[PDB]
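Visitor: Structure below; questions to follow.
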RNA sequence: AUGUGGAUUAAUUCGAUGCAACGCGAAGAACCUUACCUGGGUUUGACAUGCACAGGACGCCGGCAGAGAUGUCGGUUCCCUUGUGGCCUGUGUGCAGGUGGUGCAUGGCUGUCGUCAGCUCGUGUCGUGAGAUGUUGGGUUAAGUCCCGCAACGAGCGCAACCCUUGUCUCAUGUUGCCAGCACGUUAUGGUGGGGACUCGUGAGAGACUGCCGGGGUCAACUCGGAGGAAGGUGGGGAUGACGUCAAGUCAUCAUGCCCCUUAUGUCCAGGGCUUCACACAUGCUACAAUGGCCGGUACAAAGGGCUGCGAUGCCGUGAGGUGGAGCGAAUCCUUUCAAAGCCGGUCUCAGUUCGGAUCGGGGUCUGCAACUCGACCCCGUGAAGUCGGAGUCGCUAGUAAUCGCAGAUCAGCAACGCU
Ligand SMILES: [Mg+2]
Ligand SMILES: [Mg+2]
Ligand SMILES: [Mg+2]
Ligand SMILES: [Mg+2]
Ligand SMILES: [Mg+2]
Ligand SMILES: [Mg+2]
Ligand SMILES: [Mg+2]
Ligand SMILES: [Mg+2]
Ligand SMILES: [Mg+2]
Ligand SMILES: [Mg+2]
Ligand SMILES: [Mg+2]
Ligand SMILES: [Mg+2]
Ligand SMILES: [Mg+2]
Ligand SMILES: [Mg+2]
Ligand SMILES: [Mg+2]
Ligand SMILES: [Mg+2]
Ligand SMILES: [Mg+2]
Ligand SMILES: [Mg+2]
Ligand SMILES: [Mg+2]
Ligand SMILES: [Mg+2]
Ligand SMILES: [Mg+2]
Ligand SMILES: [Mg+2]
Ligand SMILES: [Mg+2]
Ligand SMILES: [Mg+2]
Ligand SMILES: [Mg+2]
Ligand SMILES: [Mg+2]
Ligand SMILES: [Mg+2]
Ligand SMILES: [Mg+2]
Ligand SMILES: [Mg+2]
Ligand SMILES: [Mg+2]
Ligand SMILES: [Mg+2]
Ligand SMILES: [Mg+2]
Ligand SMILES: [Mg+2]
Ligand SMILES: [Mg+2]
Ligand SMILES: [Mg+2]
Ligand SMILES: [Mg+2]
Ligand SMILES: [Mg+2]
Ligand SMILES: [Mg+2]
Ligand SMILES: [Mg+2]
Ligand SMILES: [Mg+2]
Ligand SMILES: [Zn+2]
């Protein structure tokens, strides 16, 4: 993600319609889950490292 | 007081036995009114038919969850178990007939990447 | 089937009459898995045949299956770069099952405008010996007795 | 189609330009950079130069095309066939 | 993909979360600040190996506990690095921030710091041969640890090719959930590019 | 008759059980009637993610977000009991809501 | 309806190209995302930092001109304290800045061979040497799982187990959940006082181990049958990819070595595009009519979502929806008493059809500053191809194949027939 674009997105837009996520660190505008605030690969890596208190693999 | 519970594919049922007449009370309505299916009535009457004590027990049923067939089978199991409880002397014939053996099959887990249950997406080598 | 003969399911019997042939027929004619629809249609057509013929539905069905059940079949085989057919005897159980299959197949593909009546009429025709099922059986027996020559292969 | 309650939408700058033009009675070709501007009866005798991305193409407006957007009459893609 | 990380695979049985706190409304802001501060600390401190970073949050108060190879440079005799870290956290607006230093017992009984050392030796001048030999010997010398496996991937020696070589000794039963595996991963720098080093350590078994 | 709904809501079974045990002991020592940690259905949140970017999406996996909630209806809310509940220090893994 | 090939366009941004890409990287392209094309500004710069010369301004809320950036003006102005810290307006200095290139340089992650059972090491012995034994033969198992003699003696990654769910029972347990047995309701149902006698939801323990018997077996593995039992010979489904191969995918996640731009290939905005088509391929729904279309009555489940969000009753609309707004951070209030198929009653007697609905016109609702290219929903007119299909080819062996539904991920509005 381009730093200039990230900074512009962080800035306050002149219209409310121009608000979008832009996953925080990697700046990926796509494949991001709202509550987490992180994209698919970010979630994968952080969960595998165990940095979030409560996510874990699935087997039911 | 005699109580019993039957479960099959998420079909929990309640039955209370009464030596009075052969009245069927399914949520306040008779068996013929509730689930009017000949296969149902047949399977529900199968245990009493096997034991040959017809028109001697009154049953009140409370049903929650499950489907029609599931509820019918659970009720059959419940009345069979209640009959055994009130008189275990029929154990060897009823177990040989298979009325006292529960049915240990239900909806199974289905895979991620598969449509449902055991389904498989179209698999073409092209 | 590599390990060996697989177990066979314990097919149930029909309580309405007392013959598992009715259960077999309804299972064969099952379309889109509508059991109640299939069984009600089968019972209605059986009653139609009964009122049309004036006889016992079970007896006439037994007559039809007896008349239409084959005893010899034909199997395909290719040897030495050439295709050939061989006749092989068939178990009566499989013969009855395939007879039911042909009954359904020829109860599917005729132009009587109403299949509920048409299946009954097809049953009457098969019982009387003018049916497409008996015609197919005639053709199958003719093929088998024509290819009798290649029976030496025995497979 | 735009809802009647909201009504037609006209850009403020182009509205000011056309108002000045029709008030001064001068009729000239105006460089139009707006594709979302709807047509108004006041545009009956005004010429607008719409931008298609390559060059401002003038268009003459009459009463016939009332109720249609400016970009409808300005092709955006060139298709010469095969 | 070849192998899933044993840490993630065995989270639910043996290893515990290294961060514990409850929130749902400000959960986004909280996770943002934690991941930020973690990245900033990682990029700020490189001289001294840091095994793990654990954060616990109780309402406004936040406590961070640090494990490092040696505290000499992690905390100064007068508190140089301590005061720099405090000032950093205050700039990040951690509200009430409390610092603690916890020292590991066995320096080379765990994956992270041995990985750091191997990366440093590979980067500076040391050959991967001697690097693996010394690392394996030092890890073995400790009685508690039983199995060690070290893998190095990337460009080795400046050759225009990728060499994937691994050396194994002792226990590596990743399929057995009961086993205890320690996982580490760090990247070694060099003039020609980047090299990744991965190490697995087995430490006994747990019943209960 | 007044009742206080002490809401226990955490992620880990061990943590929630320990917090419940501590609450029961505190209430028993202070001398108040508590029904106990009545089990409640556990909300299940399942999320699906792909293996890696740039296709290879046929194989997936799921992550759950375990949330265990317990009901604690305490009768006779003694001032001493409420004060003790305020002063009790619990781990960050457990958050208690008083309503 | 989506994705690609092939042709145009100034652009249709780039990558992936049989198995192992083609409802792909796009879990939501009108601005943004876009990096493509035209045009207008811009400069040590939209955004950080250290060195010298200029300083207390910077930072901000509004009027005017403009396609917009932006230019000019109206209102406030430092917190410390004499050294300056914070911040940045003009000159540069290094330098920022690049979705520009290089997955034939790489880190990490991922797909297939394949959930196949194979793959190794220590000592010894043999030959000179590249090497062989262990890993050979017989029996048995889903398995390098095991037994028997053999220059072999041992060990390792794998296989099974330990983890989740599902099949039963026992104990603990009663609210927002249920009612055995008692009272109040009297049409609204445990609704209300009461109660663990069972499910109900979440804690502990037991239960399958060839457990026992008969025959085959080298008296050994292993196998058939039989009794008890819920399960009989890994009960069922899962988490779980040994060394390696395909220079397999990913510098368009992120980081990373080298080359390239720096007054541009960086940067802000106005309109257009990624939805273009004389054709082709792949995946899905609708069907091609009676096992049915349509109309009226009518009974059966799961689980999850809900704060700047679900939305009750009531009123007006055919219906999109308009007013209103109880109950809710949620076993409580909404997602209808969660229904569809199912059962009963009536029409159609096989038609290019009362099946079937696309295309093209005339009227409205909803979210959005902005619905023509380019969204979705409601009403009407329109009535096209299509009668089981060519060689070829695909999935499926028990709750299995077929058929009919419900909720969620991205989301103000949807391309939602895709995915879970
Ligand atoms: Mg947006
Ligand atoms: Mg994103
Ligand atoms: Mg494919
Ligand atoms: Mg295993
Ligand atoms: Mg499609
Ligand atoms: Mg392309
Ligand atoms: Mg394809
Ligand atoms: Mg292709
Ligand atoms: Mg797909
Ligand atoms: Mg663009
Ligand atoms: Mg675009
Ligand atoms: Mg490139
Ligand atoms: Mg490439
Ligand atoms: Mg092979
Ligand atoms: Mg020698
Ligand atoms: Mg050999
Ligand atoms: Mg060999
Ligand atoms: Mg051997
Ligand atoms: Mg081998
Ligand atoms: Mg093995
Ligand atoms: Mg009760
Ligand atoms: Mg391999
Ligand atoms: Mg390669
Ligand atoms: Mg290559
Ligand atoms: Mg680069
Ligand atoms: Mg680089
Ligand atoms: Mg360059
Ligand atoms: Mg540039
Ligand atoms: Mg722009
Ligand atoms: Mg596109
Ligand atoms: Mg459909
Ligand atoms: Mg209305
Ligand atoms: Mg209803
Ligand atoms: Mg239509
Ligand atoms: Mg139509
Ligand atoms: Mg329709
Ligand atoms: Mg046609
Ligand atoms: Mg037709
Ligand atoms: Mg063919
Ligand atoms: Mg959306
Ligand atoms: Zn991300």
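Visitor: Looking only at segment E:25-54, filter to residues that are more than 23 Å from residue A:23 (Cα to Cα) and within 11 Å of chain A (Cβ to nearest Cβ); which one of those is farthest from the chain's Cα centre (by Cα)?
Guide: My answer is E:54.
Visitor: Separate question: Given the structure, is residue F:52 on the phi < 0 side of the Ramachandran plot and more than 13 Å from chain A (Cβ to nearest Cβ)?
Guide: no
Visitor: Looking at segment E:124-145, which of its residues are part of a loop (DSSP other than H, G, I, E, B), surrounded by fewer than 19 Cβ atoms within 10 Å (Cβ to Cβ) and without any contact (Cβ under 8 Å) to a residue 60 or more places away in the chain?
Guide: If the condition is that a residue be part of a loop (DSSP other than H, G, I, E, B), surrounded by fewer than 19 Cβ atoms within 10 Å (Cβ to Cβ) and without any contact (Cβ under 8 Å) to a residue 60 or more places away in the chain, then E:125, E:126, E:127, E:142, E:143 are the ones that fit.
Visitor: I'm checking my understanding of the structure. Among residues of segment A:27-40 that are more than 10 Å from ligand 2 (Cβ to nearest atom) and crowded, with 16+ Cβ neighbours inside 10 Å, which one is nearest to the chain's Cα centre (by Cα)?
Guide: A:37
Visitor: List pairs: first residue in segment A:32-53 and facing chain E (nearest Cβ under 7 Å), second residue within 16 Å of ligand 1 (Cβ to nearest atom) anywhere in the structure, Cβ distance under 7 angstrom, at least six positions apart or on different chains.
Guide: A:37/A:24
Visitor: Continuing with this model, one more query. So residue E:92 fits all but one of (1) without any contact (Cβ under 8 Å) to a residue 40 or more places away in the chain; (2) away from every other protein chain (no Cβ under 12 Å); what number is the exception?
Guide: Of everything listed in (1) without any contact (Cβ under 8 Å) to a residue 40 or more places away in the chain; (2) away from every other protein chain (no Cβ under 12 Å), residue E:92 misses just condition (1).
Visitor: Continuing with this model, one more query. How about segment C:1-32: which of its residues are in a loop (DSSP other than H, G, I, E, B) and within 14 Å of chain B (Cβ to nearest Cβ)?
Guide: Within segment C:1-32, C:10, C:12, C:13, C:14, C:15, C:16, C:17, C:18 qualify.
Visitor: Another question, then. From the list F:41, F:37, which one is more than 12 Å from every other protein chain (Cβ to nearest Cβ), within 16 Å of the chain's Cα centre (by Cα) and under 30 Å from residue A:44 (Cβ atoms)?
Guide: F:41
Visitor: Within segment E:1-11, take every residue that is within 17 Å of residue A:46 (Cβ to Cβ) and without any contact (Cβ under 8 Å) to a residue 60 or more places away in the chain and give me the one that is farthest from the other protein chains (Cβ to nearest Cβ).
Guide: Top of the filtered list is E:4.
Visitor: Still on this structure, I have one more. Condition test on residue E:86, is it more than 14 Å from chain F (Cβ to nearest Cβ), more than 28 Å from residue E:181 (Cβ to Cβ) and surrounded by fewer than 12 Cβ atoms within 10 Å (Cβ to Cβ)?
Guide: no
Visitor: Out of everything in segment F:1-15 that is in a strand (DSSP E or B) and within 14 Å of chain A (Cβ to nearest Cβ), what residue ends up being farthest from residue F:98 (Cα to Cα)?
Guide: F:10
Visitor: Working only within segment A:34-60, note down all residues that are at negative phi and part of a loop (DSSP other than H, G, I, E, B).
Guide: A:34, A:35, A:36, A:51, A:52, A:53, A:58, A:59, A:60, listed by residue number.
Visitor: With C:79, C:12, C:86 as the choices, which residue is more than 18 Å from the chain's Cα centre (by Cα), touching a residue at least 40 places away in the same chain (Cβ under 8 Å) and loosely packed, with under 14 Cβ neighbours inside 10 Å?
Guide: C:79
Visitor: Which residue out of E:21, E:17 is more than 19 Å from the chain's Cα centre (by Cα), within 14 Å of chain F (Cβ to nearest Cβ) and more than 13 Å from RNA strand G (Cβ to nearest atom)?
Guide: Among E:21, E:17, only E:21 is more than 19 Å from the chain's Cα centre (by Cα), within 14 Å of chain F (Cβ to nearest Cβ) and more than 13 Å from RNA strand G (Cβ to nearest atom).
Visitor: Quick one: is residue F:18 in a loop (DSSP other than H, G, I, E, B) and under 13 Å from the mean Cα position of the chain (by Cα)?
Guide: So residue F:18 fails the test.
Visitor: For segment E:1-14, enumerate the residues that are more than 7 Å from RNA strand G (Cβ to nearest atom), in contact with a helix residue (DSSP H, G or I) (Cβ under 7 Å, 6 or more places away or on another chain) and assigned to a loop (DSSP other than H, G, I, E, B).
Guide: none
Visitor: In segment F:72-95, which residues are within 11 Å of another protein chain (Cβ to nearest Cβ) and either in contact with a strand residue (DSSP E or B) (Cβ under 6 Å, 6 or more places away or on another chain) or over 20 Å from residue E:63 (Cα atoms) (or both)?
Guide: Once the filter is applied, which keeps residues that are within 11 Å of another protein chain (Cβ to nearest Cβ) and either in contact with a strand residue (DSSP E or B) (Cβ under 6 Å, 6 or more places away or on another chain) or over 20 Å from residue E:63 (Cα atoms) (or both), segment F:72-95 yields F:92, F:93, F:94.
Visitor: Within segment E:163-190, work out how many residues are touching a helix residue (DSSP H, G or I) at 6+ places or on another chain (Cβ under 9 Å), in contact (Cβ under 8 Å) with a residue 24 or more places away in the chain and in a loop (DSSP other than H, G, I, E, B).
Guide: 4
Visitor: Check segment C:39-46 and report whether any residue there is assigned to a loop (DSSP other than H, G, I, E, B) and loosely packed, with under 15 Cβ neighbours inside 10 Å.
Guide: The answer is no, given that none of the residues of segment C:39-46 is assigned to a loop (DSSP other than H, G, I, E, B) and loosely packed, with under 15 Cβ neighbours inside 10 Å.
Visitor: Here are some conditions: (1) assigned to a strand (DSSP E or B); (2) within 23 Å of residue F:22 (Cβ to Cβ). Residue F:62 meets all but one. Which one does it not meet?
Guide: Condition (2) is where residue F:62 drops out.
Visitor: Would you check which residues across segment A:4-26 are buried (at least 19 other Cβ atoms within 10 Å of the Cβ) and either more than 16 Å from ligand 1 (Cβ to nearest atom) or more than 14 Å from chain F (Cβ to nearest Cβ) (or both) and list them?
Guide: If the condition is that a residue be buried (at least 19 other Cβ atoms within 10 Å of the Cβ) and either more than 16 Å from ligand 1 (Cβ to nearest atom) or more than 14 Å from chain F (Cβ to nearest Cβ) (or both), then A:24 is the only one that fits.
Visitor: Hey, among C:53, C:60, which residue is buried (at least 16 other Cβ atoms within 10 Å of the Cβ), away from ligand 41 (no atom under 16 Å from the Cβ), under 21 Å from residue C:116 (Cα atoms) and within 16 Å of the chain's Cα centre (by Cα)?
Guide: Step by step, each of C:53, C:60 is checked, and only C:60 is buried (at least 16 other Cβ atoms within 10 Å of the Cβ), away from ligand 41 (no atom under 16 Å from the Cβ), under 21 Å from residue C:116 (Cα atoms) and within 16 Å of the chain's Cα centre (by Cα).
Visitor: Just the residues that are within 15 Å of residue E:110 (Cα to Cα) and assigned to a loop (DSSP other than H, G, I, E, B), please, taken from segment E:146-162.
Guide: Passing the criteria: only E:146.
Visitor: Moving to a separate point now. Determine whether segment A:44-58 contains at least one residue that is surrounded by 14 or more Cβ atoms within 10 Å (Cβ to Cβ) and within 16 Å of ligand 1 (Cβ to nearest atom).
Guide: Checking segment A:44-58: not a single residue is surrounded by 14 or more Cβ atoms within 10 Å (Cβ to Cβ) and within 16 Å of ligand 1 (Cβ to nearest atom).
Where a number appears in this text, it was derived from the coordinates with a stated rule and is not lab data. Cβ: placed from backbone, ideal geometry, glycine included. Neighbour counts: every protein chain shown.
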